[PDB]
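Worksheet for the structure shown next.
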Amino acid sequence: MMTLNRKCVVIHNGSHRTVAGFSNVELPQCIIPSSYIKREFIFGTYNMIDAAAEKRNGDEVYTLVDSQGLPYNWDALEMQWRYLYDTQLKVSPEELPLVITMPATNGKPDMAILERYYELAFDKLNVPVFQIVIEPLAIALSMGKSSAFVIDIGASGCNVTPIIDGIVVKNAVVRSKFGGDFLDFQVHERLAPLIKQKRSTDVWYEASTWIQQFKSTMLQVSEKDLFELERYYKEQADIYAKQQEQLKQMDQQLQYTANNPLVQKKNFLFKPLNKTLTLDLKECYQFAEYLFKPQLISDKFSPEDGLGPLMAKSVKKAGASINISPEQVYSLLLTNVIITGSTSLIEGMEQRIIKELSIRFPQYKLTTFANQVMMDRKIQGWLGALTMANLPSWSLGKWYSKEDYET
Amino acid sequence: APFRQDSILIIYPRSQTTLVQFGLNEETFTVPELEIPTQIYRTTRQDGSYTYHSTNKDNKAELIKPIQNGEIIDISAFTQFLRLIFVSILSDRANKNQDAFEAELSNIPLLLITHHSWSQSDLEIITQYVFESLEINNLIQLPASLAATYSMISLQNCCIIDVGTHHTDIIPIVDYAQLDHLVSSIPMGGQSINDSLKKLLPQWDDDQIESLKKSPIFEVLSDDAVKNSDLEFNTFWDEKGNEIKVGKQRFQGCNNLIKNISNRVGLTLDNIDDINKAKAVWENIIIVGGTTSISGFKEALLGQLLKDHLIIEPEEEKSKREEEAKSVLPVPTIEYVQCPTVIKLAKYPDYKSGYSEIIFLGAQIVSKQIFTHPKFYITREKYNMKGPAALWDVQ
Amino acid sequence: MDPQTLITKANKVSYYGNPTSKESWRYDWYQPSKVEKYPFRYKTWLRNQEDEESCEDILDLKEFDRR
Ligand SMILES: Nc1ncnc2c1ncn2[C@@H]1O[C@H](COP(=O)(O)OP(=O)(O)OP(=O)(O)O)[C@@H](O)[C@H]1O
């Protein structure tokens with residue numbers, strides 16, 4: 001749809017995915033990696049994949065954003081926007097309004113960043129006007145929630161932003177470094193023996209092909225603490241073992257060669273070597289467990305850096321940043337919960353989120369929403385920006401113009 | 001408001017030649033009547049303005065092919081070319097029927113088959129041109145892929161592999177919707193065979209290679225294969241009439257193309273987010289194009305897809321297991337968590353196999369669908385109010 | 001006849017609810033009104049409120065008809 005008789009160019013730069021499109025269509029024109037190749041520049045997946053498989057020397061892969069979710073290379077970002085405009089969108093930057101997303105943060109680099117975007121947008125690309133949207137706020141407002149608790153899990157990590165009455169709590173913003181990128185590492189490292197000082201293109205190809213398949217298929221999230229869960233099933237199995245042995249004690253017999261969900265195996269085909277990879281369900285549970293319990297991987301990391309305590313930490317901090325009562329802020333945050341990001345698509349993640357959050361907050365009743373359309377959840381930030389772009393009046397958001405940029 | 005099906009105009013511009021049809025018979029299935037080259041002659045003048053002609057008469061001339069690799073390289077030439085066609089059909093009927101303007105040409109709805117690569121800008125211009133310059137009151141801009149699937153009854157999910165001369169399009173469709181972010185195109189096509197054959201037959205003439213490619217002895221054979229596949233040497237007659245003796249190279253040249261297609265289709269469908277949707281797409285594959293008419297091509301491509309992309313227990317592992325199972329005197333099948341479990345070609349229900357055929361079939365059903373209950377396509381009522389921006393009305 | 005002659009005569013038909021006016025549009029800048037005016041200009045389709053080329057020869061359909 002065309003609001004105010006016009007269309008907008010919506011762009012979202014994330015750690016992993018970069019989504020660009022028009023505000024009228026409702027589906028994104030393109031989704032490309034948030035990384036790039038240095039030869040010349042190669043910005044497409046298909047374009048990148050070829051360069052990687054081409055296996056040229058002096059080829060490199062660089063992130064386009066710092067772990068904080070902000071762009072750390074502007075000239076590189078400039079080449080991307082040109083590609084987005086010239087290749088995928090096929091429109092001049094001078095023509096249309098630009099709605100882009102930047103992540104929520106506790107600090108105010110925004111003015112440094114805005115000045116950086118002023119140059120990129122205006123003197124560089126001659127963009128007529130543009131708006132910036134806070135991604136969790138975008139996601140929340142788009143969903144009908146004026147106040148919500150947004151858990152965003154992605155390549156960089158878990159980003160938990162509390163929102164009250166339409167504005168973010170800056171102090172209560174928390175960012176884990178555990179997420180899709182961390183999970184990529186563990187899948188590779190753990191499976192290296194089974195497969196039978198690396199080109200960045202080779203690392204990126206593996207991460208974007210067979211590893212991504214592993215996480216979207218093999219990986220699951222326990223509904224409970226894994227140790228606690230494992231001890232339960234073991235003892236439940238011990239009873240079945242003792243039960244079955246006892247029936248042989250009564251009438252006797254000998255060796256008839258006589259139930260634990262954690263031992264069932266999941267089979268993942270590794271096509272490059274055309275060899276099957278097999279892991280029991282417990283080994284699949286293990287990877288995601290590290291997000292809630294990072295201490296297991298290293299001991300360098302504290303239990304509180306885990307997702308479970310962090311969500312609670314954010315909720316507590318949300319109360320302190322408003323000064324109704326802080327104790328009651330919990331009621332509004334836990335009542336409205338938004339689970340988004342691609343990494344939250346791992347099976348059983350929603351339950352564990354509820355489980356871990358319910359433990360530390362037994363008194364409050366809660367209800368969580370997680371978008372059940374698989375694609376939408378991955379691009380949800382961009383869709384949030386899209387609704388903001390499609391707002392009925394210009395008065396409903398901040399727009400930046402050549403007026404704002406001057407000597 | 002009033003409409004007679006003989007008035008409906010369907011245009012399907014392609015990179016080389018445009019297919020056009022005027023009217024629908026209602027007795028039978030509609031087939032393209034007119035096949036026109038897609039080109040226009042442009043004489044530049046001192047004014048800085050441009051003039052386009054049907055023929056150059058050896059003057060400044062040049063030639064503008066408005067469509068390259070299915071994309072639109074010249075929008076101005078394309079509209080004039082479109083105009084050329086529209087005016088041409090108007091005169092033909094005008095001369096044949098005196099009252100034509102009062103009856104058949106009274107209202108002419110235009111249905112334009114579009115391409116996935118066409119930009120919003122291009123589509124907006126085309127809309128403006130049809131209503132303003134051509135003075136047409138009804139327009140349907142239909143993507144070919146959605147038109148193609150429309151012929152297939154109740155086909156929600158599928159992947160169209162459209163092999164053109166200089167390029168091949170990969171168009172994944174999900175929930176009756178073209179996913180544009182996953183659509184791609186490879187600079188590989190029917191001509192890649194010519195380029196491939198020229199490597200293995202340097203002594204041959206470019207004319208002779210093409211003649212070999214279209215000859216009956218040119219086919220792509222499965223691993224499983226007085227019949228042609230069996231003898232080492234066979235022969236064909238060129239358009240010149242001369243015999244050309246060719247060896248094993250007649251069965252070659254399509255491998256490089258088929259692999260690149262397969263590889264691209266692999267990544268494309270691997271990025272489908274919902275596996276259950278993705279599984280359906282893999283179960284419906286549409287291989288269409290001119291090149292696909294080559295014998296064994298569809299089978300070779302399908303086979304290559306199953307070769308690399310199919311998820312199934314490796315025969316090497318499965319063999320050891322069956323061998324190890326005995327170990328006895330005098331085996332369970334492996335289950336995988338990935339996609340797909342099975343790969344097969346789209347079934348054509350109730351039907352003839354070409355791309356041009358199915359699109360037009362779809363275009364016919366759409367016309368039945370739109371005109372019965374319109375409330376996609378643009379009407380003069382909207383274009384007057386919204387303008388070329390009327391092209392986008394959704395949500 | 002002439003192409004414009006063929007275009008102008010064609011597609012002209014009158015029914016109930018049929019628009020008399022043919023509106024024409026242009027792709028140009030626009031300066032949004034305040035709801036004073038906002039200080040930026042963007043490109044969109046605008047309608048000419050006041051109602052304000054190369055025309056070639058027709059073709060022969062049978063030459064380009066099929067066989
Ligand atoms: N189907 C899936 N199942 C599980 N994980 C997935 C799936 N698809 C992608 N991922 C993982 O999710 C991550 C991508 O996250 P996402 O696309 O949300 O990033 P982003 O939104 O661009 O960045 P951010 O989340 O920091 O804003 C990747 O690390 C990838 O491995």
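Going through the structure tokens in order, the chains are called A, B, and so on, while each chain numbers its residues from 1 and the ligands are numbered from 1 in the order shown.
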| request: Could you give me, as a ChimeraX atom specification, the residues within 10 Å of residue B:146, counting only C-alpha atoms and dropping anything in the same chain fewer than 5 positions from it? | output: /B:113-114,151-152,171,173,176-178,359,362-363
Please dump the current selection as a compact mmCIF listing (two decimals), in the first residue's frame; keep N, CA, C and O atoms.
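Heads up, here's the output in out-v4.txt:
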# COMPACT_ATOMS: atom_id res chain seq x y z
N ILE B 113 2.17 -10.14 -19.66
CA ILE B 113 2.96 -11.09 -18.88
C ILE B 113 4.28 -10.43 -18.52
O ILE B 113 5.04 -10.03 -19.41
N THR B 114 4.56 -10.32 -17.23
CA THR B 114 5.75 -9.61 -16.77
C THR B 114 6.86 -10.59 -16.39
O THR B 114 6.67 -11.81 -16.45
N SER B 151 -2.04 -22.34 -14.20
CA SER B 151 -2.47 -23.44 -15.05
C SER B 151 -2.50 -24.74 -14.26
O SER B 151 -3.36 -25.59 -14.47
N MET B 152 -1.56 -24.88 -13.33
CA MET B 152 -1.48 -26.07 -12.50
C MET B 152 -2.54 -25.88 -11.44
O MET B 152 -2.47 -24.94 -10.65
N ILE B 171 12.93 -19.68 -9.84
CA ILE B 171 11.79 -18.99 -9.23
C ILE B 171 11.08 -19.89 -8.23
O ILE B 171 10.15 -20.61 -8.59
N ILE B 173 8.40 -20.76 -5.51
CA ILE B 173 7.07 -20.27 -5.16
C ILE B 173 6.57 -20.98 -3.91
O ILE B 173 6.68 -22.20 -3.78
N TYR B 176 1.40 -20.04 -2.99
CA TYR B 176 0.90 -19.37 -4.20
C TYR B 176 1.56 -18.00 -4.41
O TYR B 176 1.00 -17.14 -5.09
N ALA B 177 2.74 -17.81 -3.85
CA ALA B 177 3.42 -16.52 -3.90
C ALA B 177 4.86 -16.67 -4.35
O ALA B 177 5.59 -17.55 -3.89
N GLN B 178 5.29 -15.77 -5.23
CA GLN B 178 6.66 -15.74 -5.69
C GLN B 178 7.51 -15.08 -4.62
O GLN B 178 7.21 -13.97 -4.20
N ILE B 359 1.54 -20.66 -19.53
CA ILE B 359 1.34 -19.27 -19.13
C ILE B 359 0.04 -18.75 -19.71
O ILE B 359 -0.78 -18.16 -19.00
N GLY B 362 -2.91 -20.16 -18.11
CA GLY B 362 -3.12 -19.47 -16.85
C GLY B 362 -3.74 -18.10 -17.07
O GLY B 362 -4.64 -17.70 -16.34
N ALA B 363 -3.27 -17.40 -18.10
CA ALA B 363 -3.79 -16.07 -18.42
C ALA B 363 -5.29 -16.12 -18.71
O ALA B 363 -6.02 -15.20 -18.37
| request: All residues within 6 Å of ligand 1 are required, counting only C-alpha atoms and all ligand atoms; please report them as a list in words. | output: residues 14, 15, 16, 17, 18, 153, 154, 155, 156, 180, 181, 212, 215, 216, 341, 342, 343, 345, 346 and 378 of chain A; 273 of chain B
Written file, previous selection with C-alpha atoms, as an mmCIF file, in the first residue's frame:
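Heads up, here's the output in selection00.cif:
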data_model
loop_
_atom_site.group_PDB
_atom_site.id
_atom_site.type_symbol
_atom_site.label_atom_id
_atom_site.label_comp_id
_atom_site.auth_asym_id
_atom_site.auth_seq_id
_atom_site.Cartn_x
_atom_site.Cartn_y
_atom_site.Cartn_z
ATOM 1 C CA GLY A 14 21.757 -6.597 11.336
ATOM 2 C CA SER A 15 24.718 -8.690 12.441
ATOM 3 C CA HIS A 16 23.714 -11.459 10.024
ATOM 4 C CA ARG A 17 20.869 -10.543 7.653
ATOM 5 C CA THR A 18 20.434 -7.282 5.771
ATOM 6 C CA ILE A 153 18.157 -13.790 19.665
ATOM 7 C CA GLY A 154 20.497 -13.618 16.684
ATOM 8 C CA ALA A 155 24.030 -14.040 15.354
ATOM 9 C CA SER A 156 25.539 -11.432 17.683
ATOM 10 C CA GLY A 180 24.009 -17.715 16.327
ATOM 11 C CA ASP A 181 27.711 -16.913 15.933
ATOM 12 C CA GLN A 212 23.126 -23.378 9.215
ATOM 13 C CA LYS A 215 21.143 -25.581 13.628
ATOM 14 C CA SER A 216 17.811 -25.296 11.793
ATOM 15 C CA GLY A 341 15.183 -13.306 16.015
ATOM 16 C CA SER A 342 16.173 -16.256 13.844
ATOM 17 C CA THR A 343 18.058 -18.096 16.595
ATOM 18 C CA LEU A 345 13.422 -20.659 15.915
ATOM 19 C CA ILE A 346 15.301 -23.570 17.495
ATOM 20 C CA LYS A 378 13.760 -13.745 11.022
ATOM 21 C CA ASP B 273 12.483 -21.118 6.108
#
| request: From the DSSP assignment of the backbone, select every residue of stretch 28-274 of chain A that is strand (DSSP E or B), and format the answer as a count of residues only. | output: 49
| task | When you get a sec, could you note down which chain A residues fall within 10 Å of chain C, using only C-alpha atoms, as a ChimeraX atom specification? | result | /A:4-8,94-97,127-130,393-395,399-404
Compile the residues of chain B that lie within 7 Å of chain C, evaluated using only C-alpha atoms, and express the compilation as an mmCIF file with C-alpha atoms, in the first residue's frame.
data_model
loop_
_atom_site.group_PDB
_atom_site.id
_atom_site.type_symbol
_atom_site.label_atom_id
_atom_site.label_comp_id
_atom_site.auth_asym_id
_atom_site.auth_seq_id
_atom_site.Cartn_x
_atom_site.Cartn_y
_atom_site.Cartn_z
ATOM 1 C CA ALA B 1 -17.580 -1.981 -18.211
ATOM 2 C CA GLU B 33 -1.398 -17.005 -32.647
ATOM 3 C CA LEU B 34 1.192 -14.313 -33.408
ATOM 4 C CA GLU B 35 4.927 -14.610 -32.728
ATOM 5 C CA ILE B 36 6.786 -11.325 -33.225
ATOM 6 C CA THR B 51 12.375 8.352 -33.279
ATOM 7 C CA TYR B 52 11.465 4.683 -33.456
ATOM 8 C CA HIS B 53 10.478 2.850 -36.644
ATOM 9 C CA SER B 54 9.218 -0.587 -37.640
ATOM 10 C CA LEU B 84 3.802 -0.884 -32.293
ATOM 11 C CA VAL B 87 -1.614 -0.245 -33.088
ATOM 12 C CA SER B 88 -0.912 -3.109 -35.487
ATOM 13 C CA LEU B 90 -6.076 -2.304 -34.199
ATOM 14 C CA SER B 91 -5.577 -1.692 -37.922
ATOM 15 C CA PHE B 101 -14.318 0.317 -33.373
ATOM 16 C CA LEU B 105 -12.159 -2.520 -30.409
ATOM 17 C CA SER B 106 -14.753 -0.742 -28.247
ATOM 18 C CA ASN B 107 -13.051 -1.978 -25.074
ATOM 19 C CA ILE B 108 -9.709 -3.800 -25.175
ATOM 20 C CA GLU B 132 -2.129 7.621 -21.176
ATOM 21 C CA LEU B 134 -2.240 3.809 -25.575
ATOM 22 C CA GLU B 135 -5.487 5.114 -24.046
ATOM 23 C CA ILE B 136 -6.425 1.659 -22.735
ATOM 24 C CA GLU B 381 -11.391 4.597 -12.306
ATOM 25 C CA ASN B 384 -7.601 8.566 -12.651
ATOM 26 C CA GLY B 387 -2.327 7.164 -10.988
ATOM 27 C CA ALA B 389 0.710 4.400 -8.075
#
| task | Using only C-alpha atoms, find the residues of chain A whose closest atom to chain B is at most 9 Å away, then write them as a ChimeraX atom specification. | result | /A:1-2,5-6,24-32,46,88-91,209,213-214,216-218,266-269,271,274-276,373-375,378
| request: Write out as a PyMOL selection string the residues lying within 12 Å of residue B:40, counting only C-alpha atoms and excluding same-chain residues fewer than 6 positions away. | output: (chain B and resi 16-17+51-56+61-67+74-85) or (chain C and resi 56-57+59)
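Compared by their closest atoms to residue B:194, and using only C-alpha atoms, the residues B:160, B:382, B:148, B:291 rank with B:291 nearest.
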| request: Based on DSSP run over this structure's backbone, return all residues of stretch 151-349 of chain B in alpha helix (DSSP H), as a PyMOL selection string. | output: chain B and resi 151+190-200+206-214+255-270+275-283+297-309+315-324
